[PDB]
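A.B. asks: Structure below; questions to follow.
Here, each number is a calculation from the coordinates, and none is a lab measurement. For neighbour counting, all protein chains shown are included, and Cβ atoms are generated from backbone atoms with ideal geometry for every residue, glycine included.
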């Protein structure tokens with residue numbers, strides 16, 4: 001309701017033929033209960049390419065649920081997310 | 001086209017905890033769309049952080065605003081910085 | 001000398017209440033700093049979070065074994081905030097405690 005909970009899900013794309021470009025295109029071509037906000041993010045650098053999603057939830061349980069719209073990205077990239085983090089929103 | 005920067009502190013080396021920073025917070029800029037404080041607890045360790053939403057990559061690379069006070073509260077600069085392009089948002 | 005520890009817990013997953021919201025209410029409505037109930041040495045509110053699931057609870061230190069098994073005192077407001085009675089009760093003997 002007022003306290004929000006954040007889940008961050010990240011894929012390192014070093015071990016995948018998918019890139020930020022290819023995944024941006026699949027997003028271009030191709031309302032969940034409890035979910036206030038869903039954001040797709042990316043990063044490029046010497047470290048390598050990364051794809052991810054940031055979820056704002058209105059309940060603590062949902063934050064640990066299987067993240068929505070991840071199954072489709074899993075088969076596109078080739079594997080389970082390399083990183084997953086859990087936060088509380090303290091002030092926005 | 002928006003950009004997202006996140007600044008984090010591992011709190012294990014500070015007297016500060018998520019709880020004490022939360023309490024302090026409770027009792028107390030060009031290009032910047034949104035500023036959000038975040039925290040993390042559990043077996044992996046305590047963290048405090050700020051998430052910024054920018055509309056330019058320059059401002060995003062600029063030194064994070066409103067971080068000065070927190071650096072004083074924790075006792076050191078952020079231990080981790082990450083930089084993202086926003087691809088899509090609801 | 002012999003003390004008895006009763007722990008009552010609420011699983012919060014079925015409730016609109018959360019650790020954050022219970023903690024916020026507590027912050028704006030301070031509980032008694034001292035014990036009122038005869039035989040009650042100490043009362044502590046506790047919480048847990050993370051993948052296991054959210055929980056709220058009360059830990060009681062009693063000087064008699066009868067009270068340890070009675071209805072736990074001072075939980076009426078929390079029961080109203082959560083919307084149900086404790087989902088779990090545990091009974092312990094204190095075998096040794098540091099001072």
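A.B. asks: Out of B:23, B:60, I need the residue that is within 13 Å of chain A (Cβ to nearest Cβ), closer than 30 Å to residue A:69 by Cβ and part of a helix (DSSP H, G or I). Which one?
C.D. replies: Of B:23, B:60, the one residue that is within 13 Å of chain A (Cβ to nearest Cβ), closer than 30 Å to residue A:69 by Cβ and part of a helix (DSSP H, G or I) is B:60.
A.B. asks: Also, quick follow-up: Checking residue B:36 against (1) closer than 23 Å to residue C:21 by Cβ; (2) crowded, with 16+ Cβ neighbours inside 10 Å; (3) more than 9 Å from chain A (Cβ to nearest Cβ): exactly one of these is not met. Which one?
C.D. replies: (3)
A.B. asks: Hey, another quick one. Being under 16 Å from residue A:33 (Cα atoms), touching a strand residue (DSSP E or B) at 6+ places or on another chain (Cβ under 8 Å) and either crowded, with 18+ Cβ neighbours inside 10 Å or within 11 Å of another protein chain (Cβ to nearest Cβ) (or both) is the filter here; which residues of segment A:63-92 pass it?
C.D. replies: A:63, A:64, A:67, A:69
A.B. asks: What number goes with the only condition from (1) within 28 Å of residue B:26 (Cβ to Cβ); (2) away from chain A (no Cβ under 14 Å); (3) loosely packed, with under 14 Cβ neighbours inside 10 Å that residue C:43 does not pass?
C.D. replies: Residue C:43 satisfies all of (1) within 28 Å of residue B:26 (Cβ to Cβ); (2) away from chain A (no Cβ under 14 Å); (3) loosely packed, with under 14 Cβ neighbours inside 10 Å except (3).
A.B. asks: I'd like the full set of residues that are closer than 14 Å to residue C:5 by Cα and in a helix (DSSP H, G or I), limited to segment C:63-76.
C.D. replies: Residues satisfying the conditions are C:65, C:66, C:67, C:68.
A.B. asks: How many residues does segment A:1-18 hold that are surrounded by 15 or more Cβ atoms within 10 Å (Cβ to Cβ), away from chain C (no Cβ under 14 Å) and not in a helix (DSSP H, G or I)?
C.D. replies: Residues in segment A:1-18 being surrounded by 15 or more Cβ atoms within 10 Å (Cβ to Cβ), away from chain C (no Cβ under 14 Å) and not in a helix (DSSP H, G or I): 7 in total.
A.B. asks: Taking residue A:79 as meeting all but one of (1) over 11 Å from the mean Cα position of the chain (by Cα); (2) assigned to a helix (DSSP H, G or I), write down the number of the exception.
C.D. replies: (2)
A.B. asks: Oh, and also: Taking segment B:46-57, which residues are within 13 Å of another protein chain (Cβ to nearest Cβ) and outside any strand (DSSP E or B)?
C.D. replies: B:46, B:57
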